Structures are given as structure tokens and as C-alpha cells.
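Colleague: Sharing a structure below in C-alpha cells format, with a few things to ask.
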Amino acid sequence: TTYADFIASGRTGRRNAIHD
Amino acid sequence: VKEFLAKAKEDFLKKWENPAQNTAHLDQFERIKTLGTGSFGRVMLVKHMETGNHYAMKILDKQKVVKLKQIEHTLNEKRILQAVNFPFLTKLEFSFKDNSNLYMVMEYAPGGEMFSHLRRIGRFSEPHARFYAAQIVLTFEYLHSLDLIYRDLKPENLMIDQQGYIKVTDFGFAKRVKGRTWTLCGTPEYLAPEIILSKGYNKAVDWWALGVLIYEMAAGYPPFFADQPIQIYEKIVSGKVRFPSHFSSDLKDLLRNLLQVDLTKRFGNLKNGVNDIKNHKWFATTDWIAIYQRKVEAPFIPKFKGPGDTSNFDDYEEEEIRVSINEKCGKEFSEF
Ligand SMILES: CNCc1ccc(-c2ncnc3[nH]cnc23)cc1
């Protein structure tokens with residue numbers, strides 16, 4: 001499931017703003 | 001609305017052109033707990049001793065701001081937040097700087113981040129998501145009318161108050177701009193395609209970001225996700241999104257018009273402006289005046305327990321607030 005794929009991803013914690 | 005906004009602009013412009021400066025000092029506050037931390041700096045719960053009022057105090061290390069090339073952006077944040085006033089925004093109550101740091105003092109929202117509740121609960125019902133969305137639509141209408149673009153909508157930046165209403169905070173990338181702008185900024189999942197494609201862009205990126213937020217609130221995950229930002233960007237520009245089967249017809253239709261790569265068709269960006277959104281069928285049950293007036297019953301209210309209670313926030317390592325004996329970056333932040 002999409003939910004299962006999200007939860008297994010490295011991006012369920014707080015997301016940082018992009019740098020450059 | 002037009003009338004309200006006219007007067008709001010007059011109020012804003014006086015403060016925009018003559019910013020408040022040096023309106024408190026660190027020694028007037030008792031630090032209590034770190035509520036968040038990262039490249040944005042730190043935000044702490046503090047108590048103002050003379051009144052016993054609690055506030056959220058954002059602390060930026062001037063040297064760190066300089067290394068990150070965020071001088072002008074930080075000057076934007078402070079100048080904007082001291083000039084605005086809106087129910088679903090955290091305006092500055094005070095600001096000041098010392099040898100080492102910049103400080104911005106704002107209303108404390110004790111209910112925690114939307115991010116925390118969304119992740120724990122998993123997803124929000126459509127009525128729950130709509131209640132929050134309505135507040136963001138009104139806030140953007142306000143901000144945009146003042147020529148401000150927000151540029152970092154996400155659950156991590158939306159604080160829930162004691163009444164269960166929200167406050168948009170962290171204006172580190174907010175900017176007053178009448179034309180187009182070009183800075184590559186934001187959070188990967190929420191970036192409009194035109195930002196990724198390095199085009200000049202405008203306030204329409206906030207309305208795309210709203211599409212992502214509503215999707216995430218209702219689905220429990222964002223419309224474009226992957227393990228690394230590059231693969232997220234591939235999905236965003238591709239021109240395709242899938243909706244969960246539980247999304248209502250009206251929700252899907254709203255999101256197809258917000259998450260619209262074509263700027264001539266993206267809701268918020270058309271001739272009729274924000275009313276394409278306010279008058280969409282998904283918002284049919286929304287009493288916009290009652291939302292603004294905070295007369296609507298929140299579908300979720302946080303656990304009370306206390307005035308400076310912090311149980312709705314995560315625990316972060318507590319670092320010193322060090323103040324050098326030497327003034328750092330004085331010229332860079334002279335106007336702060
Ligand atoms: C990424 N999130 C970091 C974070 C967490 C909590 C707050 C905050 N919490 C409570 N009240 C506030 N008023 C202004 N900001 C805040 C601000 C920033």
C-alpha cells in the first residue's frame with residue numbers, strides 16, 4: 001500500500017527546508 | 001473582504017515602513033524549554049517575568065545566519081512579522097538582538113505542531129482537513145494582498161492553539177515582492193514545479209503548496225514522496241498524482257485545480273483569485289466569516305493541563321544561549 005511505502009520511507013519525520 | 005483588506009494594508013504599511021526595533025531584552029525572560037530546533041535556529045518557550053505571560057522565542061545565531069546566506073531572508077522575516085496582524089499568524093510581540101543572537105518573541109501555541117498530531121493519528125477526516133485548510137486560505141488571502149509570499153507551507157510550521165485553531169509560523173522564506181522572484185527555497189515535498197524548473201515565480205507557489213497540504217492532511221502522506229529529494233522533484237514535474245479511493249469527488253477536484261502545473265488554470269492564480277477556492281464545492285459548508293471570527297467549533301482540541309504546558313511538543317536537547325563579549329555581524333543586522 002501507499003501508506004506502507006510512506007511509513008517505510010526515510011521522510012516521515014520533520015522535513016527540513018532546502019539549502020543551496 | 002475588500003474593505004477589511006484595504007484597512008489591513010494601511011495598518012501593515014505603517015509598520016512595514018517604520019519597523020519596531022529593540023523592544024525587549026533577554027534578561028526580561030525566563031527560558032523554559034526548547035520547542036524546536038534546526039537550520040531555522042531554535043524556538044523556545046519562555047516566560048515574560050514582568051507579566052508572567054508565556055511566549056515562543058525564536059533564537060537565531062547571527063554567525064550561523066551569515067554562513068547559511070540567510071541574512072536578507074532573516075531581515076525579511078522580522079520586518080514582515082512585526083508588521084502583520086492576523087488571527088492565524090504569529091506576529092512579533094517583541095524583538096531584539098545582542099552580541100551573538102537575534103530574538104523574535106511571538107504568541108505561544110500550546111497545542112503542538114500539526115505535524116505531530118497528523119503523523120500520530122495517521123490522517124485527518126475531510127471536515128477536519130477543511131477546518132485547517134480554511135484558515136490557510138484566509139491567511140494567504142491576507143498575506144498575498146500585502147504582496148507577501150510565504151514559501152514554506154507544511155504541517156511542521158502549523159501550530160495548534162488552545163482553541164484548536166492554527167497559527168502559521170516560521171517566516172524565514174517569506175518575502176514582500178510585487179513582481180516575480182527566483183530564489184530556490186522551500187521544502188522538497190511542497191515545491192511548485194516552476195520553482196524546481198528554476199523559473200521566475202509568484203504567489204501561485206503558495207496555492208500549489210496548499211494543494212500538497214490538503215492532500216497530506218486528508219491522505220496521511222504527501223502526493224509526491226520518495227527517499228531522496230531528486231526523486232521527489234521527478235514526481236512533481238512529471239504531471240501526475242494519484243488520490244486515495246477514500247478522497248471525495250469534490251476533494252479530488254479541488255486538488256486537481258491546486259496541484260495544477262499550468263499557471264493559467266491553477267486555482268488562486270486565475271482572474272477570480274481566491275474566490276475560485278472559497279466558492280469551490282469542497283468548501284460549501286465553510287462559513288468563512290465564522291472561521292475568521294473563531295466561532296466555529298474545532299474538530300480537535302488539544303489537552304489543556306496548563307498555561308506553559310509543553311506535553312504536546314517533542315523533547316529536544318537543551319543548548320546554552322551563549323552571548324559573546326564581542327559584537328558579531330553588527331553591520332549585517334543593523335536594521336534588525
Ligand atoms: C519545525 N517546528 C519548530 C517549531 C515548533 C514550535 C513552534 C512554536 N510553538 C508554539 N508557539 C509558537 N509561536 C511561534 N512559534 C511557535 C515554532 C517552531
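Chain labels run A, B, ... following the order of the C-alpha cells; each chain numbers its residues from 1, and ligands are numbered from 1 in the order shown.
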Please check which protein, DNA or RNA residues sit within 10 Å of ligand 1, counting only C-alpha atoms and all ligand atoms, and write them as a ChimeraX atom specification.
Modeller: /A:14-17 /B:34-45,54-58,89-92,104-116,154-161,167-170,310,312-314
Colleague: List as a list in words the protein and nucleic acid residues near residue 6 of chain A, meaning an atom at most 9 Å away when only C-alpha atoms are counted, but skip any in the same chain fewer than 4 places from it.
Modeller: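 Near residue 6 of chain A, the qualifying residues are residues 1, 2, 10, 11 and 12 of chain A; 221, 222, 225 and 226 of chain B.
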Colleague: Dump as an NGL selection string the residues of chain B that approach chain A to within 6 Å, counting only C-alpha atoms.
Modeller: :B and (185-187 or 227)
Colleague: Those residues with N, CA, C and O atoms, as a PDB file, in the first residue's frame please?
Modeller:
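The new file result_23.pdb reads:
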ATOM      1  N   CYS B 185      13.895  27.981  -2.774  1.00  0.00           N
ATOM      2  CA  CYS B 185      13.668  27.745  -1.353  1.00  0.00           C
ATOM      3  C   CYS B 185      12.346  27.035  -1.138  1.00  0.00           C
ATOM      4  O   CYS B 185      11.492  26.986  -2.029  1.00  0.00           O
ATOM      5  N   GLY B 186      12.197  26.485   0.058  1.00  0.00           N
ATOM      6  CA  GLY B 186      11.014  25.729   0.428  1.00  0.00           C
ATOM      7  C   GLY B 186      11.408  24.355   0.921  1.00  0.00           C
ATOM      8  O   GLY B 186      12.575  24.101   1.225  1.00  0.00           O
ATOM      9  N   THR B 187      10.422  23.470   0.987  1.00  0.00           N
ATOM     10  CA  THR B 187      10.626  22.091   1.423  1.00  0.00           C
ATOM     11  C   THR B 187      10.256  21.164   0.251  1.00  0.00           C
ATOM     12  O   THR B 187       9.224  21.375  -0.394  1.00  0.00           O
ATOM     13  N   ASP B 227      12.509   8.588  -1.261  1.00  0.00           N
ATOM     14  CA  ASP B 227      13.529   8.611  -0.206  1.00  0.00           C
ATOM     15  C   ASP B 227      14.481   9.806  -0.319  1.00  0.00           C
ATOM     16  O   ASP B 227      15.030  10.250   0.688  1.00  0.00           O
TER      17      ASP B 227
END
Colleague: Take atom CA of residue 261 of chain B and atom CA of residue 193 of chain B and report the distance between them in Å, one decimal.
Modeller: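 One can read the atom CA of residue 261 of chain B to atom CA of residue 193 of chain B distance as 6.5 Å.
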Colleague: Within 6 Å of segment 134-147 of chain B, which residues of segment 157-185 of chain B show up? Give each one with its shortest atom-to-atom distance in Å (one decimal) and the two atoms involved, counting only C-alpha atoms, rows by chain then rising residue number, as JSON lines.
Modeller:
{"residue": "B:176", "atom": "CA", "partner": "B:147", "partner_atom": "CA", "distance": 5.4}
{"residue": "B:177", "atom": "CA", "partner": "B:147", "partner_atom": "CA", "distance": 5.7}
{"residue": "B:178", "atom": "CA", "partner": "B:147", "partner_atom": "CA", "distance": 5.8}
Colleague: Please provide as a list in words all residues within 8 Å of segment 71-81 of chain B, with the sequence filter that same-chain residues fewer than 3 positions apart are discarded (counting only C-alpha atoms).
Modeller: residues 16, 19, 65, 66, 84, 90, 91, 92, 95, 104, 170, 171, 172, 173, 174, 175, 176, 332, 333, 335 and 336 of chain B
Colleague: Segment 146-283 of chain B: which residues are strand (DSSP E or B) by DSSP, as a ChimeraX atom specification?
Modeller: /B:148-149,158-160,166-168,175-176,181,201
Colleague: Print the selection's residues with N, CA and C atoms to a file, as a JSON list (two decimals), in the first residue's frame.
Modeller:
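Once written, result_5.json looks like this:
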[["chain", "number", "residue", "atom", "x", "y", "z"],
["B", 148, "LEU", "N", 2.96, 39.75, 0.00],
["B", 148, "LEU", "CA", 3.84, 38.81, 0.69],
["B", 148, "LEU", "C", 3.61, 37.40, 0.15],
["B", 149, "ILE", "N", 4.71, 36.68, -0.06],
["B", 149, "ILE", "CA", 4.67, 35.26, -0.43],
["B", 149, "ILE", "C", 5.26, 34.53, 0.76],
["B", 158, "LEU", "N", 2.82, 24.64, 11.21],
["B", 158, "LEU", "CA", 1.47, 24.99, 11.64],
["B", 158, "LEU", "C", 1.24, 24.55, 13.09],
["B", 159, "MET", "N", 1.13, 25.52, 13.99],
["B", 159, "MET", "CA", 0.96, 25.25, 15.42],
["B", 159, "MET", "C", -0.51, 25.29, 15.77],
["B", 160, "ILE", "N", -0.94, 24.37, 16.63],
["B", 160, "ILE", "CA", -2.32, 24.32, 17.10],
["B", 160, "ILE", "C", -2.42, 25.04, 18.45],
["B", 166, "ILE", "N", -5.28, 27.18, 14.20],
["B", 166, "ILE", "CA", -3.86, 27.12, 13.88],
["B", 166, "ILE", "C", -3.19, 28.49, 13.72],
["B", 167, "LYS", "N", -1.87, 28.47, 13.89],
["B", 167, "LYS", "CA", -1.01, 29.62, 13.63],
["B", 167, "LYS", "C", 0.08, 29.20, 12.67],
["B", 168, "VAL", "N", 0.17, 29.91, 11.55],
["B", 168, "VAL", "CA", 1.30, 29.75, 10.65],
["B", 168, "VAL", "C", 2.49, 30.46, 11.28],
["B", 175, "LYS", "N", 8.63, 36.85, 1.82],
["B", 175, "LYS", "CA", 9.22, 38.00, 1.13],
["B", 175, "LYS", "C", 8.12, 38.91, 0.59],
["B", 176, "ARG", "N", 8.36, 40.22, 0.67],
["B", 176, "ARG", "CA", 7.46, 41.18, 0.05],
["B", 176, "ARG", "C", 7.99, 41.49, -1.34],
["B", 181, "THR", "N", 9.83, 36.39, -8.50],
["B", 181, "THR", "CA", 11.06, 36.14, -7.75],
["B", 181, "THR", "C", 11.64, 34.78, -8.13],
["B", 201, "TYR", "N", 8.88, 32.97, -10.44],
["B", 201, "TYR", "CA", 7.60, 32.53, -9.90],
["B", 201, "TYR", "C", 6.99, 33.60, -8.99]]
Colleague: Rounded to one decimal, what separation in Å do you get between atom CA of residue 257 of chain B and atom CA of residue 236 of chain B?
Modeller: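 Atom CA of residue 257 of chain B sits 14.7 Å away from atom CA of residue 236 of chain B.
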